[PDB]
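J.: missing the sequence, but the structure's below:
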Ligand code: BCL
Ligand code: BCL
Ligand SMILES: CC[C@H]1c2cc3[nH]c4c(c3C)C(=O)[C@H](C(=O)OC)c4c3nc(cc4[nH]c(cc(n2)[C@@H]1C)c(C(C)=O)c4C)[C@@H](C)[C@@H]3CCC(=O)OC/C=C(\C)CCC[C@H](C)CCC[C@H](C)CCCC(C)C
Ligand SMILES: CC[C@H]1c2cc3[nH]c4c(c3C)C(=O)[C@H](C(=O)OC)c4c3nc(cc4[nH]c(cc(n2)[C@@H]1C)c(C(C)=O)c4C)[C@@H](C)[C@@H]3CCC(=O)OC/C=C(\C)CCC[C@H](C)CCC[C@H](C)CCCC(C)C
Ligand SMILES: COC(C)(C)C(=O)/C=C/C(C)=C/C=C/C(C)=C/C=C/C(C)=C/C=C/C=C(C)/C=C/C=C(/C)CC/C=C(/C)CCC=C(C)C
Ligand SMILES: COC(C)(C)C(=O)/C=C/C(C)=C/C=C/C(C)=C/C=C/C(C)=C/C=C/C=C(C)/C=C/C=C(/C)CC/C=C(\C)CCC=C(C)C
Ligand SMILES: COC(C)(C)C(=O)/C=C/C(C)=C/C=C/C(C)=C/C=C/C(C)=C/C=C/C=C(C)/C=C/C=C(\C)CC/C=C(/C)CCC=C(C)C
Ligand SMILES: COC(C)(C)C(=O)/C=C/C(C)=C/C=C/C(C)=C/C=C/C(C)=C/C=C/C=C(C)/C=C/C=C(\C)CC/C=C(\C)CCC=C(C)C
Ligand SMILES: COC(C)(C)C(=O)/C=C/C(C)=C/C=C/C(C)=C/C=C/C(C)=C\C=C/C=C(C)/C=C/C=C(\C)CC/C=C(\C)CCC=C(C)C
Ligand SMILES: COC(C)(C)C(=O)\C=C/C(C)=C/C=C/C(C)=C/C=C/C(C)=C/C=C\C=C(C)\C=C\C=C(\C)CC/C=C(/C)CCC=C(C)C
Ligand SMILES: [Fe+3]
């Protein structure tokens, strides 16, 4: 495709900071949702495995 | 339909792309949160209920 | 008829953003109204149908 | 008849915006009072029917 | 008879807006007053009339 | 590979302070969520081993 | 009577003031969109000038919306997506903190799990806004008193929802995200731990809260009283003291025996306001983690008043007498 | 922790006494920072007073003034001191009011007293004078309220002493500062400035109650009609406020 | 004569289009009200 | 000749022609969506 | 003509051609995700 | 032709080529992590 | 050729090389730490 | 003693009553006719507090408590040690506060400045007056005033707050509290701007009004100005004092049930569906 032209509109400095902050907040939020559950809380699964 | 490309004359592509991106993610997060609030489409609860 | 003159009075940039937020808010509001009713809540009906 | 002169006094863009806001709010209000009544609430009538 | 001179005192643009706001509010208030009464509430009468 | 140009757009001084406080804040948060866990609290676990 | 400078009696509007600039190049991130409101111009400046939007500002605005939306989406889902009921119960609904049974662990999404996630975005949003205040002061080449004063407010903000729950070992100690519920929490917090009136730091915070309103009524009235001498231009009165600073000082010197300077008034102003959450943060941090009962603490330290009169209503009147029968 | 260090002195009590020490230091710091101007105290005769207060003078702080106006250390000799004041002591001791030796408004003593500020106009960020007439200001106009230009000016005794020809604005803050008064030949000779804070603007007139009709001819003037210095600003504003007590004997004498 | 700086000829052109839209909006409302009255009369 | 936004009469038709094209496409999808949901669970 | 943002007719057409390609790719993924979800747990 | 933020088309071409390398690298680790997690504890 | 921070290609190229050396060193200690703590008390 | 600039301001005149009989300065303080009455009322009130403290049995400032009479005494005078001393101290306190405000009028009249400060203090007096005489008058007994103790008057606030079952739900309390937390908000930021502009980083020039004007423009998108902040600032604090006076004068004379029950008007509106 010709997706390389997105950088002709977006500033590379702005996207990378936004992309970096958005991805970490996503990863932290998704990880917390897993911790909320009882089936995917790996900390609780280890306790239940002993 | 085929002449929809003129929308970029009215709209600045820079600010609309940002507005679309924020709206698209907020839509995606909101719908997932709505699904999680239900008793049937909470895929996390169904995984536990299936084991 | 000849309603094209509305764009001589209304700025196309300002109306398009105005109707964009209005359309989504209306669409979101009507969807929420359906979700507030027992009959038209498609999320709660899937649970009943599955059981 | 001769009412066309109202635009020599009223600003067409200032009134069309006011008319658009007023017309939707008026339409929303009447739709709301219909839902308040038990007889004209089409969402509740649909729930009552086929049940 | 010669009441047309009221426009020499009242600005036509000022009075027209005030009259338009006053007339709708008066019409809305009277309509709401009838709904308050138990005899002229056409919404509740239709429910009673339909038995 | 080619990622060495990431510094052509980011100020190394500005990133490193943000890149530095973030790691400690992450490490502190990760270290605390293990303390809140019964299975991984090494402080409370040593007491269990001592018995 | 004489013109009390409370509302400006004539407004002048010129070209919009886009702001000063230096080598830090502030104008890159400014919106360059200005509006003038004549209604707000009666009491203050009428220009709704451009706002500098950086990355701390955008991240704070975006993450603050996520906390606002997550709380709002939960509240809307709490009433079953009933918009009329959501509006009716808007002041009553909230995003309640996790149940105490979960401690500091991550609770289920319906039992405070979304509260932690919403709190996480709120914490990022508040800290980002503080960084914006710090960065803007540094890029404006001024002192960081705005950021430092904000950090004092964040101190109580962090203690209420982050520091004390960690020290107490339970996320349930946080404050619910509701209009009335955080008022219920405020009342319940005082009742649970004795009487927060007898907390010395709560009393100390009230001293500076009362002093802040007392000073800023005094400073506002004094400046408006000397605004006929250009007293509202305080900065020029600091670098070159006029009669506005002299009469303002002499008014308070002749009234209560001592006064301040045009610059020293704001040091009193800054510190009294800053000490309001600083003492409050200490008082809340010492509540539960240390004391758990403040009136008994007052009795132990001998500053709780003792009353000798009787307590029942029968000791003062009769039921029939009160009813007038 | 729920243990007392000694007796009933717990962590909560320790933090309370730590704040007492900090607040005592803060009060000392705040009060000394308030003493950068006006000290030493001196007495009525002008000599340095025997008593100077419990708090010592603070260490000198230096202000780097903008627009190339040099440095400024507040603790030191005050350049705003006024000399040759037209006052005499009503008592040989201290703590008694001074009696003006002439016209209090003309001599600038009491409510009419000004301060020897810099004889240069206040400058905004750009560098040009902050307060300028609307005729000199570009793009400025009245946006709300009553425009005082052209309205007659009424004094405290009801006399009409002229009409407002122009009004000076703070273009940096977009605020009105003064109103020029074109004094009538029967009352004055030229143009006088009155601050916006001492004039009440009505529909048909602007009224200043502090100054009578006969006192406008003595209002301090400006060297140039395009700018006003801080010294002229201080003299003009103080004159009007001095009329609140010195316009007539009734104002100075007790009201009851 | 004209408070909006708009000519008489322009006003007649504007009103003719506005009335055409008004009748079209009212025509839909008449059909909409007719359908509602048949489905659930209120008289 | 009348214009408050600077668009020429000729080019206002060009914009409105597309705007109708977007309107009918948006409305056509809405009709199909409304048709589908009425067969699913009618509200009349 | 009628360029409110400075883009010419060819630039707008070129940008929309890429945007439509991105839109369809995003929509194609959404349909597959929606198709898989309905098979897993239908909502109709 | 059109460049709002300034860099030429060739510079944007090489910027995206490097960017997709990071994007594919980030996705490759994400897919493996998602694949490993599903084997460990499936959510479907 | 393109730089938003005023650094030439070779100046940032050696900036990255020394930076990764810290990153790999930081990750190498972390890899050993996770490998050590998994043997101690595994979470999988 | 004087200041480096005080001599030119210490002029004769500006009194409201008494003329030059009292028109002198004692130390830095200005003594007027109302400075004489302030000295009499403040000293008499202070001494009577310690006289009441002596017979109360304790001189501990925390435990000193001069309480109002019982509600049975109504609006009449009570025995001086059965609540009557509180009534005299209240009269002395009201006389001292009014004299203090009137003394400030003489001071600012002699300085040719506005009367904003005595007016602003009068709001604080009104908040005290509505607490000690106005509310007891409406409720029919002097025993409804707060006692004169450092910690004893906190128990009155706590009991009066819970006399309406949850006092946060008082609508006027919400308005008044919102003004306190915002007045301190305005004080913190306004004090910060002047300090930040006058005290830039070391080695850099001080800033003028423009720099702080454009700072909150860059910060929050709007700046009320140097003059506006003092105008809104006095209004924010005066409204804080006024609405606090309102919230307590409607608690008992105007509203006797619980304050949560007040919000029942909003809950059961006819528009809300059942
Ligand atoms: C029954 C009620 C209890 C009570 C329980 C409490 C509790 C509980 C607390 C107080 C505290 C306070 N109490 Mg108390 N208090 C009572 C009786 C009183 C009385 C009285 C006359 O009776 C008074 C005057 C006070 C006064 C006070 C203040 C001194 C103090 C708050 C400090 C501060 O400024 O907060 C203001 C600070 C904040 C609001 C938090 C900071 C906010 C952050 C920084 C801003 C984030 C904004 C957010 C993102 C939203 C932004 C949205 C914008 C639109 C964009 N209390 C009784 C005893 N009191 C506090 C304290 O202890 O301090 C030591 C506290 O926690
Ligand atoms: C159970 C307790 C209830 C409660 C019950 C009450 C009650 C009861 C009252 C208030 C009132 C107030 N409450 Mg409440 N309130 C509660 C919780 C709170 C909280 C909180 C964070 O939780 C806050 C911030 C507040 C805030 C406030 C303000 C609205 C107000 C404080 C008094 C006032 O404004 O000054 C006004 C007082 C004055 C201005 C004093 C005047 C001073 C005089 C003129 C000068 C004194 C001079 C003196 C002699 C000193 C000189 C000596 C030395 C020489 C200097 N409340 C809890 C829920 N609240 C009080 C009020 O409104 O009073 C009007 C009131 O009566
Ligand atoms: C707009 C409302 C705000 C406000 C404003 C305000 N207060 C003011 C002023 C202003 C504008 C002044 O100009 C004036 C001043 O000069 O302050 C330094 C003042 C003032 N308000 C003061 C304090 C104060 N302000 C308070 C609050 C407020 N005042 C509000 C927040 C409070 C609270 C909340 O309680 C207090 C305690 C004083 C520092 C001063 C008034 C000085 C005065 O009245 O002097 C004459 C009297 C004496 C020296 C002593 C009199 C003693 C009595 C005869 C006996 C005791 C009576 C009293 C009831 C004792 C009760 C004790 C117990 C409750 C512990
Ligand atoms: C303790 C002394 C006082 C104080 C001090 C203080 N507060 C401060 C400061 C200081 C010194 C600042 O510098 C700072 C500031 O910037 O002030 C302007 C601030 C501040 N404290 C504030 C308020 C505040 N102050 C309070 C109290 C106080 N703090 C005291 C009065 C309180 C209380 C009573 O608790 C509050 C709530 C803020 C206005 C401000 C900084 C908060 C901030 O901006 O946080 C970042 C968050 C956002 C930008 C967004 C928040 C959420 C939005 C409402 C969501 C968007 C809604 C919108 C409808 C969009 C919807 C979109 C969707 C539909 C898609
Ligand atoms: C309730 O909701 C629940 C269900 C819980 C929920 O979770 C909702 C989830 C939702 C909504 C998912 C939303 C996620 C989305 C959309 C995923 C976006 C993710 C993306 C897009 C990944 C980009 C990766 C690219 C990077 C990160 C780096 C590239 C790295 C390189 C290194 C860049 C630099 C390249 C160079 C060559 C150097 C620079 C060159 C020069 C300067 C020349
Ligand atoms: C039940 O009761 C409650 C619950 C209360 C309720 O729900 C009440 C509901 C009520 C009251 C309904 C009120 C809604 C109404 C009335 C709906 C009108 C809404 C309409 C009609 C909106 C259509 C918009 C679609 C377009 C139009 C898209 C356009 C798309 C195209 C792509 C854009 C055009 C592009 C160009 C022009 C290119 C530019 C051209 C050049 C540059 C040349
Ligand atoms: C055996 O079975 C039997 C018995 C057969 C049976 O089934 C009985 C069923 C029966 C009887 C059906 C009863 C239902 C009925 C009747 C349905 C109501 C029908 C309705 C409600 C019609 C909607 C159309 C409204 C639109 C779509 C408006 C669009 C509005 C436009 C968009 C205007 C707004 C836009 C503007 C631009 C204007 C603003 C102007 C400026 C801003 C200038
Ligand atoms: C129980 O009662 C309760 C519920 C309590 C109650 O309150 C009852 C309700 C009450 C009493 C409300 C009373 C209702 C009233 C009064 C109804 C007003 C409604 C009106 C007036 C209808 C206007 C329609 C106008 C349009 C929609 C035109 C369309 C315009 C078109 C689109 C043209 C636009 C222009 C152009 C295209 C270009 C023109 C320019 C050039 C040619 C240059
Ligand atoms: C209560 O409500 C409940 C029921 C919960 C609910 O959920 C209701 C939800 C409701 C009503 C929301 C309905 C959502 C709607 C309608 C949103 C449709 C979304 C749409 C239409 C947009 C998607 C596609 C956009 C992309 C993704 C484009 C791709 C962009 C590409 C990637 C850009 C590439 C471009 C370039 C590179 C430019 C080239 C440059 C040069 C040539 C210079
Ligand atoms: C129309 O739009 C939609 C969208 C529909 C909508 O509804 C709009 C939203 C609506 C109406 C919601 C209205 C929100 C309301 C009323 C909320 C009021 C809020 C109140 C009163 C706040 C109380 C004080 C709370 C404290 C004091 C917090 C301090 C805690 C902080 C955050 C510390 C961090 C905490 C943590 C736990 C850290 C977690 C992090 C990790 C674990 C890493
Ligand atoms: Fe100030």
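T.: Okay, I see it. Numbering: from 1, shown residues only, chains lettered A, B, ... in the order given. Ligands and ions are numbered 1, 2, ... in the order given.
J.: what's next to stretch N:80-99, contact-wise?
T.: Residues from elsewhere that reach stretch N:80-99 (CB atoms under 8 Å, 6 or more residues apart in numbering or on different chains): N:34-35, N:37-38, N:41-42, N:44-45, N:48-49, N:51-52, N:55, N:66-70, N:73, N:77-78, N:121, N:125, N:128-129, N:132-133, N:142-143, N:145, N:147-148. C-beta here means a position set from N, CA and C on the backbone, and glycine is covered the same way.
J.: give me that answer again for 6 Å
T.: Contact partners of stretch N:80-99, identified using CB atoms under 6 Å, 6 or more residues apart in numbering or on different chains, comprise N:34, N:37-38, N:41-42, N:44-45, N:48, N:52, N:66, N:68-69, N:77-78, N:125, N:132.
J.: what's the distance between that stretch and the middle of its chain?
T.: When distances are taken as CA atoms, centre = their mean, to the nearest Å, stretch N:80-99 is centred 17 Å away from the chain's centroid.
J.: now it: buried residues?
T.: By 16 or more other CB atoms under 10 Å in any protein chain shown, the buried positions in stretch N:80-99 come out as N:80, N:83-90, N:92-99.
J.: ok, stretch G:129-138 next?
T.: By neighbour count with 16+ other CB under 10 Å, stretch G:129-138 contains the buried residues G:129-137.
J.: circling back: out of the buried residues of stretch N:80-99, who's near ligand 3?
T.: N:89, N:92-93, N:96-97 (CB under 6 Å from any ligand atom).
J.: need these in CSV (columns: secondary structure).
T.: Compiled in CSV, those are given as follows (DSSP: H, G, I helix; E, B strand; the rest coil):
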residue, secondary structure
N:89, helix
N:92, helix
N:93, helix
N:96, helix
N:97, helix
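J.: hmm, back to that, out of the buried residues of stretch G:129-138, who's nearest residue N:2?
T.: Comparing the buried residues of stretch G:129-138 against residue N:2 with CB to CB places residue G:137 closest, at 39.0 Å.
J.: next helix or strand past the helix or strand where that closest one lies?
T.: Using DSSP states H and E, the element containing residue G:137 is helix G:113-139. Going down the chain from helix G:113-139, the next helix or strand is helix G:145-158, by DSSP H and E.
J.: what about the following helix or strand past that following helix and ligand 1, any contact?
T.: Sequence order places helix G:164-168 as the next helix or strand after helix G:145-158, per DSSP H and E. No: Helix G:164-168 does not reach ligand 1 (CB under 6 Å from any ligand atom); its nearest approach is 9.4 Å.
J.: quick one on the thing from earlier: tell me which of the buried residues of stretch N:80-99 fall in helices.
T.: Using DSSP state H, the members of the buried residues of stretch N:80-99 that fall in helices are N:85-90, N:92-99.
J.: quick check: chain neighbours aside, which residue is closest to the closest residue to ligand 1 within chain G?
T.: Among the residues of chain G, residue G:280 lies closest to ligand 1, at 1.7 Å counting by CB to the nearest ligand atom. Distance criterion CB to CB, 6 or more residues apart in numbering or on different chains; nearest residue to residue G:280, sequence neighbours excluded, is residue G:205 at 3.9 Å.
J.: so that neighbour versus residue G:266, what's the distance?
T.: Separation of residue G:205 from residue G:266 (CB to CB, to the nearest Å): 21 Å.
J.: which of the two has more neighbours?
T.: residue G:266 (26 against 22; other CB atoms under 10 Å in any protein chain shown).
J.: does the more buried one sit in a helix, a strand or a coil?
T.: Judged by three-state DSSP, the three-state class of residue G:266 is helix.
J.: for burial, what's the neighbour tally of residue N:257?
T.: Residues near residue N:257, counting by other CB under 10 Å: 10.
J.: now residue H:251
T.: If you count neighbours by other CB under 10 Å, residue H:251 ends up with 17.
J.: grab the nearest non-local neighbour of it.
T.: Nearest non-adjacent residue to residue H:251 (CB to CB, 6+ apart): residue H:245, at 5.4 Å.
J.: just checking, the one you found touches residue H:253?
T.: No: using CB atoms under 6 Å as the test, residue H:245 is too far from residue H:253 to be in contact (10.0 Å).
J.: out of the two, which sits in the busier spot?
T.: Shown here are residue H:245 and residue H:253; by other CB under 10 Å, residue H:245 has more neighbours (23 against 12).
J.: which residues does the strand or helix carrying the more buried one contact?
T.: In this assignment (DSSP H and E), residue H:245 forms part of helix H:230-246. For helix H:230-246, contacts defined as CB under 6 Å, 6+ apart pick out G:228-229, G:240, G:242-243, H:104-105, H:111-115, H:117-119, H:193, H:195, H:198, H:210-211, H:219-220, H:222, H:251-252, N:13-14, N:112.
J.: list the ones among those residues that fall in strands.
T.: If you go by DSSP state E, the contacts of helix H:230-246 have H:193, H:195 in strands.
J.: ChimeraX command to pick out the buried ones of the contacts of helix H:230-246?
T.: A single ChimeraX command selects the buried members of the contacts of helix H:230-246 (16+ other CB under 10 Å):
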select /G:228,229,240,242,243 /H:104,105,111,112,113,114,115,117,118,193,195,198,210,211,219,220,222,251,252 /N:13,14,112
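J.: related to what we said a few turns ago, ramachandran angles for the residue of chain G closest to ligand 1?
T.: Backbone torsions for residue G:280, taken as degrees, to the nearest 10, come to phi -60, psi -40.
J.: pretty sure it contacts residue G:156?
T.: Yes: proximity of residue G:280 to residue G:156 meets the contact threshold set by CB under 6 Å, at 5.0 Å.
J.: look at the two and report which has more neighbours.
T.: A direct count of neighbours by other CB under 10 Å for residue G:280 and residue G:156 places residue G:280 higher, at 24 against 21.
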